[PDB]
Amino acid sequence: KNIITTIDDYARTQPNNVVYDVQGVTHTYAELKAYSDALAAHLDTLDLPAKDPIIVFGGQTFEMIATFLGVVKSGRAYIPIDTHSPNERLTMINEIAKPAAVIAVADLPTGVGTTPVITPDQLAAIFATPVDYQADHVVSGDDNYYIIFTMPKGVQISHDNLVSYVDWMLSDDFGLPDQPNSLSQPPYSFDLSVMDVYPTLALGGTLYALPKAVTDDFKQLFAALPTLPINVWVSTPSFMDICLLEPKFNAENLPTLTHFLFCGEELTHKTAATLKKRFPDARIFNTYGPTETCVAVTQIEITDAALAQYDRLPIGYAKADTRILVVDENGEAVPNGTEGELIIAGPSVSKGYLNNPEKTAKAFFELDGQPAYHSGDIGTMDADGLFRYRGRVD
Ligand SMILES: Nc1ncnc2c1ncn2[C@@H]1O[C@H](COP(=O)(O)O)[C@@H](O)[C@H]1O
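Reading the sequence shown from the start, the letters are residues 3 to 152, 158 to 401 in the deposited numbering.
Laid out in structure tokens, this is it:
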């Protein structure tokens, strides 16, 4: 009913199930609740400015996920920033978001002004300080859960925003396995990482993470992939083009893989077809959606029949609870098959950009009493409700 409670509950029912694995380093669902309980208790002690979000700075280690959960457990949203982003990223966001604190899962490469910092050693000490924690004031409802920055703009995603997204991924559109084993390659500063983080966590699965050092080195990456017992794949189409440079990337060397999930770029017919050849018995999905409406809002299963019917791959069909439509420069409905701007309304739409009211007023509006978003995207929709992506209004 609350995603934090769902995840905490897996600590009680499957304490010893592995939840995270980085190149052979593993942690359990029990240690995840214990770490995030310990962090939350500690933040409760600091009397931090309430609502004010916390920046979480780091790469792809377990502590990243543990830290997120302790922050939302404390009542506040987390802002994830990746180690391999330039230093001014952390300076800009700190200046725009005015966070209550920065938690340095990885060492900060630069200072963050007056924002208090918890060092990696201090964080280590907190996680090793077990508490018996009442999670009585966790993030819930319309309150900010994460703020992911795209200038860069801080997309505020509430708890209920994320559940609209998560519920869709757990539905029969995708048929994800129970307790999935999922790849975690997109850095957590990126929206797409959510597509593997929270559907796996809601389902009690396990995250098999790749640090950037591995993806920076095709030798290492090609060597690493067969060692991961993953069922669910999440990445950009371009990253899959890299992995397909390996003839060995196929169902015989990766027998556990059953679901491929792509977002963030156009999936070319050549990429989907090479992959259909490599993994003929898997299910492949194209998805699309702006960060401002929580990860994705359309999907289409690229079946054999899809590959033969479509040259360019469509972006698919809307979530049941999300209303999508195509309008012209005046905000008026555009006929089926005519190009216009894609408008998105429903429960996953962000309440707006943090500390940027001018962008929020231009992009976000209300549609029949639902929050609605101007994507910058041109596309089409036929009468069957199938969407296609056709460029940007910019
Ligand atoms: N599967 C996809 N096919 C085509 N364009 C996409 C897809 N996924 C994301 N994009 C584009 O990426 C840009 C930013 O939106 P998004 O990355 O979906 O948040 C927009 O141009 C999107 O339409």
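Built from N, CA and C at the ideal position, the CB exists for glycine as well.
Between which two residues does the beta strand (DSSP E) carrying residue i extend?
| i | result |
| --- | --- |
| residue 10 | First-last for residue 10: 5-15, but that is the alpha helix (DSSP H), not the beta strand (DSSP E). |
| residue 190 | 188-191 |
| residue 378 | 377-388 |
| residue 316 | Note, residue 316: premise wrong, no beta strand (DSSP E); alpha helix (DSSP H) at 311-316. |
| residue 295 | 290-295 |
| residue 165 | 161-165 |
| residue 22 | 20-24 |
| residue 103 | 103-106 |
| residue 58 | 56-60 |
| residue 52 | Counting along the chain, residue 52 falls outside any beta strand (DSSP E), and DSSP gives it neither H nor E. |
| residue 237 | Unbroken run through residue 237: none, as it is neither H nor E. |
| residue 214 | 213-216 |
| residue 149 | 146-151 |
| residue 324 | 323-325 |
How about residue i and residue j: are their beta carbons less than 8 Å apart?
| i | j | result |
| --- | --- | --- |
| residue 153 | residue 206 | Position 152 is followed directly by 158 in the chain, which means residue 153 is not present among the coordinates. |
| residue 271 | residue 293 | no |
| residue 314 | residue 279 | yes |
| residue 191 | residue 200 | yes |
| residue 168 | residue 355 | yes |
| residue 60 | residue 28 | no |
| residue 105 | residue 164 | no |
| residue 269 | residue 244 | yes |
| residue 333 | residue 392 | no |
| residue 370 | residue 351 | no |
| residue 265 | residue 290 | yes |
| residue 137 | residue 11 | no |
| residue 111 | residue 195 | no |
| residue 377 | residue 344 | no |
| residue 349 | residue 331 | yes |
| residue 64 | residue 31 | no |
| residue 107 | residue 96 | no |
Consult DSSP for residue i and reduce its assignment to one of helix, strand or coil.
| i | result |
| --- | --- |
| residue 91 | helix |
| residue 138 | coil |
| residue 276 | helix |
| residue 80 | strand |
| residue 336 | coil |
| residue 269 | strand |
| residue 308 | strand |
| residue 207 | helix |
| residue 393 | strand |
| residue 285 | helix |
| residue 300 | helix |
| residue 98 | helix |
| residue 241 | strand |
| residue 341 | coil |
| residue 195 | coil |
| residue 173 | helix |
| residue 27 | strand |
| residue 201 | helix |
Which two residues bound the contiguous alpha helix (DSSP H) that contains residue i?
| i | result |
| --- | --- |
| residue 244 | 244-250 |
| residue 72 | 64-75 |
| residue 31 | 31-47 |
| residue 365 | 364-370 |
| residue 128 | 122-129 |
| residue 349 | Premise fails: residue 349 lies in the beta strand (DSSP E), 347-352, not in any alpha helix (DSSP H). |
| residue 228 | 225-231 |
| residue 220 | 219-222 |
So the candidates are the options; which of them puts its Cα closest to the Cα of residue i?
| i | options | result |
| --- | --- | --- |
| residue 7 | 166, 94, 25, 60 | 166 |
| residue 248 | 289, 224, 223, 282 | 282 |
| residue 24 | 172, 217, 186 | 217 |
| residue 395 | 347, 45, 109 | 347 |
| residue 229 | 256, 220, 243, 242 | 256 |
| residue 154 | 48, 43, 46, 13 | Between 152 and 158, the chain has no modelled residues, which means residue 154 does not appear in the coordinates. |
| residue 139 | 184, 114, 203, 73 | 73 |
| residue 342 | 163, 184, 389 | 389 |
| residue 197 | 161, 221, 333 | 161 |
| residue 258 | 287, 195, 46 | 287 |
| residue 99 | 117, 309, 386 | 117 |
| residue 143 | 171, 134, 133, 136 | 171 |
| residue 173 | 136, 5, 377 | 5 |
| residue 44 | 120, 252, 368, 246 | 120 |
Does the beta carbon of residue i fall short of 7 Å from some heavy atom of ligand 2?
| i | result |
| --- | --- |
| residue 354 | The model depicted lacks ligand 2 and carries ligand 1 instead. |
Any contact between the region 237-254 and the region 141-151? By contact I mean 3 or more CB pairs, one from each, below 8 Å.
no
Three or more beta-carbon pairs under 8 Å between the region 73-89 and the region 41-54, yes or no?
yes
Touch check for the region 298-308 and the region 322-339: three-plus C-beta pairs under 8 Å?
yes
If contact is defined by three or more beta carbon pairs under 8 Å, each pair taking one atom from either stretch, is the region 330-343 in contact with the region 120-134?
no
If contact is defined by three or more beta carbon pairs under 8 Å, each pair taking one atom from either stretch, is the region 282-300 in contact with the region 204-219?
no
Given 8 Å, three or more beta-carbon pairs between the region 31-45 and the region 79-94:
Segments in contact, no.
Stretch-stretch touch, CB-based, cutoff 8 Å, three pairs: the region 62-71 with the region 125-141
yes
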